[PDB]
Every structure is written in C-alpha cells, then in structure tokens.
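Below is one structure, written out as structure tokens; the observations come after it.
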Amino acid sequence: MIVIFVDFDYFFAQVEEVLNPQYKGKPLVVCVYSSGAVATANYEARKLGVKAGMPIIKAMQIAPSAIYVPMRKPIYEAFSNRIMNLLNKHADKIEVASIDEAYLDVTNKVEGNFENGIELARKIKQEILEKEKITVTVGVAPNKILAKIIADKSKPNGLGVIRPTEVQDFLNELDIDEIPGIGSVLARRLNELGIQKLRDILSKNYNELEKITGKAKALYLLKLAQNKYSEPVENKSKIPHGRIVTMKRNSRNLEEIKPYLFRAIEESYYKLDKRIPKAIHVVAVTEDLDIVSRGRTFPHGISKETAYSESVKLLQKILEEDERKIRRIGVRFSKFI
DNA sequence: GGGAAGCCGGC
DNA sequence: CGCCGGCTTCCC
Ligand SMILES: [Ca+2]
C-alpha cells in the first residue's frame, strides 16, 4: 500500500495571511469562543509561546504585539474544500480526516512504485502551494499510521518518508509515546513495565500488558510492532455534518421544539448526499448560548426515519436533564461510510 | 441498554 | 493551556 498523508500547517492562520498579507511576519492569533481560546497561531505568535487551546487572556500576556482575529470558519471550509478537491484528482481513494488532514491511497496511481509516490507527493505540495499559496506537510509511507507519524516528524512545510524497506527498522526504534493512542498516563506506566520503544512490546507478558492498555490496544500495539498493522484508506470524509436552526423563541417544550428538530433532519440531510452516518447528535444551544448535546452511536447506517426515532428521544434526554432555556436546536451526523 | 470512569488528543 | 468531545471498558 502507498499512502500520502497531507497536513495543512496551522491552517486557520495560514488562510488569514493569504487573505490579508499584511499579517505576514507579525504575530497572528485566531480566536475561538464558546473568555475565548486560541484556535491557531502563526509562526511569529508560536515563537512567542502562543499555543492552541491557550486562553486568549494568557496569550495576550505573552504576545501583546499579536493581532487577534475571530475565527471565520465558513471561509476556512472554502479553502479546505478546494484543497481536498485538488487532492482527490491525484488519488485512487481519499479519506478526509478533518478540515486540515487527508489520507490519499495512491497505490494503483504510481503503479505500485513507492518512488513515484514520493514524487507525486512533491508535485502535490507544489500544486497546493502554487494554486492556493497554502504550505502543507506530507508523509509518504506504506500505511496511514506511519504516514502520519513521519509527517509530524517533518513539520513544518515538510515531506517525510518511510520506504517499505525501512518500515521494520523504523517501527523498531520508535518510542512508545510517539504512537497514537499512547498518551501520557499510559506511556508513563508502559515505561514502568520496561517498555521504552515499540519493539519492547514483542518481548513482554501479553497479560501484564493487557491489564493496563486494554485488549484492543494491546492487539493494536502488537500488530503495529510487527508490521502486521494495516487499515485501508477508506474513500470518505470524517467531517461531522449538520445544521442548527434558530427558533421563533425560547422554549423548553418538547412539542414546540420537535418540528424544528424534525426540519433540521432535512436542511442538513439533503446536503448530506451519498454518505451514511452511524452517529446522531441533537445539538441544543441555550438562550445562554451554552451547547447541550446528546449523541448516540449505532452500528448501522441512518435512514431518514432512524434519525427521527432516536432524534426526539435524544431531544427528550436533553430537556430531561438540563434546566436552561433553549433558543436553537439542530442535528449533527458523524461516523460515515 | 446505557451511564460513569478513565484516557487520548485537539483546541 | 489545562479542559472537555470521542472511544473503550467497567459497572449496574
Ligand atoms: Ca495536526
């Protein structure tokens, strides 16, 4: 398999500089409100210590010279959509992982030769750069997971590569904390059990391991540690779809809300097109503007009716638990196929 | 079935 | 930047 993973560097900030070039070379911080937080920081801003998730208040007191802009999501979606469309032209299959990440299966495209894959990846960085002035990072590897890992090692504006010949040697010297699913709490204690690198997984009690990691993840690590891990690039998009409609007025009455919720399972569902969700979320935004959501997960796609049936059920649950008044109601679909 | 808990990771 | 939206597993 030949996977190219493409990661748009600090995408929201890059989009702002492309739109407003006078922002280039000065700190720029993109802000998100739900006090607000940093969604993205450009280079000069990051260089001063501004990080994603940081409260705007703390950011200002380390980058007072930064320009702080509000997040303009619809326009970032427009750029992303365009770049995704550049991508799928070069791919057999493309998995959109988020607004700024995509995995391309180009196996059948470079006629199976990893070398022409690397060059394809170059052409792809250059194309995006010429046409959209967006710099991206790419990783080229035999699978999705390796492609990502080496991509993150190559930040920013990079091109990282793990040749099929190098896979085993690479997997071997790989620290355990560099592995997705392995956060701080359990890296800490895989270390306490003598596991420092992914190879150490091979030489361990599978039961003393299992009891802290979990069955499915122990499996994951084993399969990974022996180059027997491979999940395919599914041709799809993981970006949640849905819309939230503003109501006539505040309401906590199930029957007043019900049709509003029912109509959102149209205004979005038409735009949903071919893809089929496994998860439903009713999103309620209070008069307070707080977000109250009840999601459920079903190992089955979602017909128009399977929504309604579980829709109001979840709307119930929301009303039956929160006391706040509700101003807008909506729906979010995820886990597509 | 589905809520509580712990963990990961994106923001 | 330390917090809370998805997944997995424990528990009732
Ligand atoms: Ca990233």
Side-chain angles (χ1 to χ4, degrees), chain A residues 7-16 28-42 45-46 48-63 66 68-73 76 80 96-101 145 148-149 151-152 155 175-192 209-221 224 231 238-242 244 277-285 290-300 309-310 313-314 316-318 320-322 330-336:
Chain A
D7 192 346
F8 315 159
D9 302 328
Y10 305 100
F11 179 50
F12 290 178
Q14 251 198 105
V15 174
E16 292 294 345
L28 178 72
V29 180
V30 184
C31 307
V32 59
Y33 286 79
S34 293
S35 178
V38 172
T40 327
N42 74 342
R46 287 194 314 274
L48 291 159
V50 172
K51 300 186 180 176
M54 184 174 278
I56 295 306
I57 304 180
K58 286 202 179 69
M60 294 179 306
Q61 73 199 4
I62 61 178
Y68 294 81
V69 303
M71 204 188 73
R72 295 194 278 171
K73 200 153 172 240
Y76 308 149
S80 176
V96 182
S98 63
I99 194 167
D100 55 11
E101 288 171 356
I145 279 185
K148 184 174 169 52
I149 286 162
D152 301 343
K155 286 288 210 179
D175 285 343
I176 195 65
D177 53 26
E178 292 191 358
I179 296 175
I182 311 303
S184 57
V185 180
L186 68 74
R188 145 140 318 221
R189 48 189 331 189
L190 282 179
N191 289 354
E192 288 177 2
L209 169 79
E210 243 166 347
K211 299 302 180 172
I212 71 187
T213 171
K215 35 161 80 192
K217 196 188 287 281
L219 192 59
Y220 170 69
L221 293 180
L224 193 56
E231 306 308 320
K238 306 175 77 168
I239 307 176
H241 183 214
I244 299 181
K278 266 189 214 305
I280 183 68
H281 277 74
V282 179
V283 188
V285 312
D290 300 312
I291 314 312
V292 193
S293 177
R294 285 317 173 256
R296 186 62 51 66
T297 10
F298 328 79
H300 174 286
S309 292
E310 192 83 15
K313 186 184 183 61
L314 285 162
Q316 281 176 332
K317 189 158 193 292
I318 298 180
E320 202 182 350
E321 294 179 26
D322 199 299
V331 67
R332 180 173 79 249
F333 295 94
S334 57
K335 301 217 198 33
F336 303 88

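Convention: sequence-line order gives letters A, B, ...; per-chain numbering from 1. These numbers come from the heavy atoms of this one structure, side chains and all, not from hydrogens, waters or symmetry mates.
- Within the 4.0 angstrom heavy-atom criterion, only backbone atoms of the sugar-phosphate kind lie near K51(A); the bases stay farther away.
- Contacts of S98(A) with the nucleic acid, taken as non-hydrogen atoms under 4.0 Å apart, are absent.
- Without hydrogens or angle criteria, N42(A) side chain to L28(A) main chain gives a donor-acceptor distance under 3.5 Å.
- Atom CG of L186(A) is separated from atom CD1 of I179(A) by 10.5 Å, given to the nearest 0.5 angstrom.
- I291(A) places its CD1 atom 16 Å from the P atom of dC11(B), with the value rounded to the nearest Å.
- Closest to the side chain of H281(A), out of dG6(C), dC7(B), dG9(B), is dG6(C).
- Here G53(A) lies in heavy-atom contact (under 4.0 Å) with a base.
- Checked against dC7(B), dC1(C), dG6(C), the side chain of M54(A) finds its nearest nucleotide in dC1(C).
- In this structure, NZ of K278(A) is placed 13 Å from P of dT8(C), rounded to the nearest angstrom.
- The nearest whole Å value for the distance from the OH atom in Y33(A) to the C1' atom in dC3(C) is 17 Å.
- Residues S334(A) and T213(A) both approach DNA chain C. Their nearest nucleotides, taken by heavy-atom distance, put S334(A) toward the 5′ side.
- Nucleic acid contact for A216(A): sugar-phosphate only, since backbone atoms but no base atoms lie under 4.0 Å from a heavy atom of the residue.
- At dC7(B), none of the side-chain N or O atoms of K217(A) fall inside 4.0 Å of OP1 or OP2 (strictly under the cut-off).
- In this structure, of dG6(C), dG9(B), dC11(B), it is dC11(B) that holds the atom nearest to the side chain of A52(A).
- Here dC7(B) presents its P atom at 16 Å from CG of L221(A), a figure rounded to the nearest Å.
- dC7(B) atom P lies 18 Å from atom CD1 of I179(A), rounded to whole Å.
- When distances run from any side-chain atom of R332(A) to the nucleotides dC11(B), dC7(B), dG6(C), the shortest one goes to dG6(C).
- Within 4.0 Å (heavy atoms only), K211(A) reaches no atom of the nucleic acid at all.
- Note: CD1 (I239(A)) to P (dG10(B)) measures 14 Å, nearest angstrom.
- Under a 3.5 Å cut-off, the side chain of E210(A) and the backbone N or O of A218(A) do not form any donor-acceptor pair.
- Separating the CD atom of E310(A) from the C1' atom of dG2(B) is a distance of 11 Å, rounded to the nearest angstrom.
- The phosphate of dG3(B) has OP1 or OP2 within less than 4.0 Å of a side-chain N or O from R296(A).
- The backbone N or O of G181(A) lies less than 3.5 Å from a partner atom in the side chain of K217(A), making a donor-acceptor pair.
- Listed nucleotides: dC7(B), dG2(B), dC11(B). Nearest to the side chain of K313(A): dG2(B).
- Under a cut-off of 6.0 angstrom, the local environment of CZ in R188(A) is sparse, with at most 12 non-hydrogen atoms contributed by other residues, nucleotides or ligands.
- Backbone-only engagement by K335(A) is indicated by non-hydrogen atom pairs under 4.0 Å involving sugar-phosphate atoms exclusively.
- Closest approach to the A39(A) side chain among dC1(C), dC8(B), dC11(B) is made by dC11(B) (side chain taken as heavy atoms from C-beta onward).
- Of all heavy-atom pairs spanning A13(A) and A41(A), the tightest one is CB-C, 4.0 Å.
- Checking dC1(C), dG9(B), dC8(B) against the side-chain heavy atoms of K58(A) singles out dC1(C) as nearest.
- Across the protein-nucleic acid pair, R46(A) atom CZ and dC1(C) atom P stand 15 Å apart, rounded to whole Å.
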